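Peer 1: Supplied in structure tokens, the structure appears directly below.
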Ligand SMILES: N=C(N)NCCCNC(=O)[C@@H]1CS[C@H]2CC[C@@H](NS(=O)(=O)Cc3ccccc3)C(=O)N21
């Protein structure tokens with residue numbers, strides 16, 4: 001769900 | 001307590017701008 | 001759902017008695033509860049994912065923001081007659097001062 | 001937050017996000033009290049009934065955020081943990097009494113318009129403000145509904 005860091 | 005500049009937001013207290021609902025907080029303190 | 005951006009909600013502190021009487025859990029002095037009573041007709045509550053976040057107040061004397069609580073537990077989220085319980089930061093302040101100056105910058 | 005509204009930019013510069021390294025997921029909220037310390041709930045790190053027991057290397061701290069999902073380049077700062085401190089008398093067995101924990105950031109974080117520490121109360125501020133009826137404010141990227 002979260003954008004890659 | 002807290003740090004020397006603690007709790008004074010760069011984008012609000014420091015420019016003397018108030019956020020949209022802080023008045024509700026201050027009005028509750030009798 | 002889960003929000004797109006950070007959410008905010010302003011909640012009133014509730015009297016200790018009203019807090020003990022809404023749950024079967026043993027309340028201590030290191031906790032305080034907050035939220036609207038069913039008759040107040042306003043809602044709001046922290047929920048899953050909000051744990052550990054700050055419960056803050058703005059002092060009218062110096063215009064600064066103080067962290068009074070830490071989102072702890074609740075039974076459900078925004079359930080009528082239920083309240084959110086927060087860690088009472090000031091009562092645990094000596095513990096906070098001590099690990100800081102005994103352990104660092 | 002159930003029944004809340006979207007925060008304005010910079011409205012809560014001390015809000016920190018506890019992020020798990022893998023699976024990359026949001027664990028909890030936290031707050032910045034100085035350039036090197038973050039305050040959070042002990043249950044975010046240790047909660048045996050649910051087999052939860054995180055160490056420094058399992059987490060990442062994301063400071064200066066607005067968007068839950070996005071990697072906000074040039075705005076947010078991500079820091080690693082050096083040490084985690086849980087209150088010695090934290091009661092997980094019964095009622096989450098003394099639910100508090102401090103996390104030491106590996107390197108001090110620089111303040112900006114979006115990152116700034118909150119104040120910890122003193123006895124007199126606590127006394128005048130922690131009163132029934134007085135409103136406080138809570139912030140988070142958590143659930144919008146219980147259901
Ligand atoms: N304000 C809210 N409505 N909720 C607070 C944010 C969500 N926090 C939680 O879900 C925490 C994380 S750990 C978990 C332990 C017990 C749980 N509460 S519960 O309904 O089981 C009642 C309970 C309280 C304390 C200890 C044991 C059981 C709870 O709220 N938890």
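Each position is counted from 1, following the chain as shown.
The header says X-ray crystallography, 2.3 Å.
Using the three backbone atoms N, Cα and C, a Cβ is placed for every residue, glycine included.
Below, the features straight out of Swiss-Prot:
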- D:28-D:44: disulfide bond (DISULFID)
- D:43: active site, charge relay system (ACT_SITE)
- D:53: N-linked glycosylation site (CARBOHYD)
- D:99: active site, charge relay system (ACT_SITE)
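Can you tell me where each of these features sits in this structure?
Peer 2: A helical conformation is recorded for residue D:44 (disulfide bond) in the three-state DSSP classification. When other Cβ atoms within 10 Å of the Cβ of residue D:44 (disulfide bond) are tallied across all protein chains shown, the result is 26.
Residue D:53 (N-linked glycosylation site) falls within a strand when secondary structure is assigned with DSSP. Taking the Cβ of residue D:53 (N-linked glycosylation site) as centre and 10 Å as the limit, one finds 10 other Cβ atoms among all the protein chains shown.
Mapped onto three states, the DSSP output places residue D:99 (active site, charge relay system) in coil.
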Peer 1: Measuring Cα to Cα, how far is residue D:99 (active site, charge relay system) from residue D:53 (N-linked glycosylation site) in Å?
Peer 2: 14
Peer 1: Between residue D:28 (disulfide bond) and residue D:43 (active site, charge relay system), what C-alpha distance do you get in Å?
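Peer 2: Here the two Cα atoms lie 9 Å apart.
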Peer 1: Measure from the Cβ of residue D:99 (active site, charge relay system) and count the other Cβ atoms within 10 Å, all protein chains considered.
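Peer 2: Looking across every protein chain shown, the total is 31.
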